[PDB]
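Presented below, as structure tokens, is a lone chain in the form deposited in one PDB entry.
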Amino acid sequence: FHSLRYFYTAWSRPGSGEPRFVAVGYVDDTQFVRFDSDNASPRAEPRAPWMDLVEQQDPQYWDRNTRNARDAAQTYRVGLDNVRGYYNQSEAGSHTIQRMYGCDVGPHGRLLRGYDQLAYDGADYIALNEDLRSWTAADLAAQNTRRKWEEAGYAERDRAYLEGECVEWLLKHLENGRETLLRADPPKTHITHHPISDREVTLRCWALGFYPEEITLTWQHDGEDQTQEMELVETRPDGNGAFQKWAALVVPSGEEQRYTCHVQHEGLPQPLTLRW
């Protein structure tokens, strides 16, 4: 399946200026949009190639999304003071509101899940339920928001976007961005070798330039899986729009040939098996 997701962060800056508001959109693992409220006359801006064509495909796209983000930044600067009062916090400290919303779509452009979720200082605050008719508030302070949103009928407007508009734009981005988004790039894999002592040696299994981010790297010894024994770094961006990961075992010297690295990724034909 494919997903369109937006990530909002807003935070107060006591003693330095107004609150800051940053928005980024993503189709799957590719960022296509940003907004930063700290620019003079902040505009929504393209972060992926196919977005430099939306101006001729939808002549109003930038103006209405700019407008939308600017109102969002204004709404949350007030939301920061509302929520701070809910928790009876002073104006001295900085605090953070985050929002994550978007849609998961399977084949034939059909909606799987919609979601809209908010965090305050990094903890769950309020979330739209899977049925998109209702809200879950994480604590008593967030029930202030729940009652407001329920009375005002906001879940229905959220559902309207998530079911109609979120889906339609996922499709448009997928199609207009076919070459970037619909690709699956295999990893480029190799094994390096570092000894530490004479009874032990580090074997590091590398995966470079793959898209999407989803990947599994597994080390086996004689077919028995070494997951509990290995060192996996968290998958990292390569900076060109793909990702890197490595897995490493420390193995008895001389026995290198009894360890295999299994690599699974969505655009490999078959899971690969590598040795040194």
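In this text, rigid core is short for the largest set of C-alphas that superpose within 1.5 Å between two forms. One-based numbering along the sequence shown.
ask   = According to the deposited model, is the average Cα temperature factor higher in 211-219 or in 61-69?
value = 211-219 has the higher mean C-alpha B-factor.
Of 72-80 and 99-107, which one has the bigger average CA B-factor? Averaging CA B-factors over each stretch, the winner is 99-107.
Item checked: Residue with highest C-alpha B-factor in the PDB entry, from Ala242, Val33, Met230, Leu53 -> Answer for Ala242, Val33, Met230, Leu53: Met230, with the highest C-alpha B-factor.
Quiz item: Say you rank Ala44, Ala248, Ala48, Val27 by Cα B-factor from the PDB entry; which sits at the top?
Solution: That would be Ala248.
Where the record places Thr189 (Cα B-factor, split into thirds across the chain): Highest third.
Relative C-alpha B-factor of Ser90, binned into the chain's lowest, middle or highest third:
Middle third.
Taking the values exactly as deposited, rank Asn176 by C-alpha B-factor within its chain and report the matching third: lowest, middle or highest.
-> It falls in the bottom third of the chain.
Chain third (lowest, middle, highest) by recorded CA B-factor, residue given as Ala123 = For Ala123, the deposited C-alpha B-factor lands in the lowest third.
| Among the chain's modelled residues, which third holds the C-alpha B-factor of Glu200? | Highest third.
The following text describes the form deposited in another entry, which does not appear among the structures shown.
**Prompt:** With the two forms superposed on the core, which of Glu156, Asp71, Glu179, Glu200 shows a CA shift of 2 angstroms or more between this form and the one not shown?
**Reply:** Per the superposition, the moving residue is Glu200.
- Message: On a rigid core superposition, would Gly15 pass a 2 Å threshold for CA movement between this form and the one not shown?
- Response: Yes, the C-alpha position differs by at least 2 Å between this form and the one not shown.
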